[PDB]
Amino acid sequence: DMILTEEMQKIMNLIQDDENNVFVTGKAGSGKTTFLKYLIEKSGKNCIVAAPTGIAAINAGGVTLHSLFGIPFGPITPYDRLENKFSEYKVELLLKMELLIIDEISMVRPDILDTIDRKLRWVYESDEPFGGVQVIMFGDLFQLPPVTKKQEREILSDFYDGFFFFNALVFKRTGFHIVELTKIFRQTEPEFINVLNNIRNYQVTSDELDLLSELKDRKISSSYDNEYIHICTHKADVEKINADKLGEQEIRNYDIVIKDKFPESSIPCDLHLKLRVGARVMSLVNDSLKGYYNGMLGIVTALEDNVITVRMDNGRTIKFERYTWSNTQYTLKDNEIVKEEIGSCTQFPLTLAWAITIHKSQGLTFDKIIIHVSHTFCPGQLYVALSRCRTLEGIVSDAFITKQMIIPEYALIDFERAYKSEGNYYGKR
């Protein structure tokens, strides 16, 4: 099935030595998130796959970085204390892992990598960066950046010159090679690739955007015989469209249950979970026993009182039960600080998958999509949504595509000049 480009073998040779870290970039559809599936199948018996988002982790066969390394939400400064301790089952994992793969690195905060470094340096008991573990990063800096809430930026701008993964402070202590894939796969249309890559480079003309006028077509909603999908910029449109696609003339509501104090905004799951038979669903957590990792997709076969039966896209059937989330914070017992749980919520780890966010959709491939991008945005978000689909016809838009939707980021322009000046390499040598 797969084709090995001259650059891919060239990339394969660079990582044959242990001491070289490599960042593999390329345009959307260049075959990077694919090529890493091909790399896993040779070197030693070691590798770990991970990504920032649960879905891109599924797309690469890995897990989330926060679940793998036990990273709490929010930035960790070098002065911040390490909150979570690895178990003995997890320590053997990281110790036996001789190679680390991070898919879709563009969405990774720089403090996360330094949290990876500090946790790897301690679990390996070594002063070498990342515990001396080889790291290979896949992603396109021109897709979209991480989050990057405003409260967390001013906090990180104390210790960090930039908010992008390469700004991490471990790159004072080490560095990485950069190789780009110049061949596109996902789209076979030459005129559609041209306008795509021009959306990516911020250099594009309104005569090329004329090609996207056909995306205003309302043509076919039908049918579920190979279906259709919605990708929205904001979670509110995803929330409405999923409920819009479920008429609720039929069936179930599943209510959450809260013990003690669990603030609304901090609740990870649905307060009232509404589902019918044949409803698109997404697994919200990781269970190795049942076998559903977070980010997987499925469809509801049956709805009972305490059990939901779902047939996943991978072909495996899972019976979902109620998952319990624990809310723990910092309080005072005795005289001392304590981690005690101040509340818990319980619901099924499922949510309606008909719609979705460009953020969650990054890395995915589709034959037919329905793009919702209105005039509301965040940088690089449009290039992602367009490039998900293989064909220009399969794309359906809510509104006309305008240059207003393009938000350039000039730090990526400077970063490209930097490493291309030295041997396609960034950081310390």
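Residues carry their position along the shown sequence, with the first being 1.
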Once average C-alpha B-factors are taken from the entry for 284-292 and 211-219, the winner is 211-219
If you average the CA temperature factors over each stretch, which comes out higher, 383-391 or 39-47?
39-47
Highest CA temperature factor in the entry: which of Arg276, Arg109, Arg316, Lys319?
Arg316
Among the modelled residues of its chain, the C-alpha B-factor of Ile58 falls in the third labelled lowest
Using the temperature factors of the C-alpha atoms in this entry, rank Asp117 within its chain: lowest, middle or highest third.
lowest
Which third of the chain does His375 land in by C-alpha B-factor: lowest, middle or highest?
highest
How does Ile101 rank on Cα B-factor within its chain, lowest, middle or highest third?
lowest
Can you work out whether the C-alpha temperature factor of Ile193 puts it in the lowest, middle or highest third of the chain?
middle
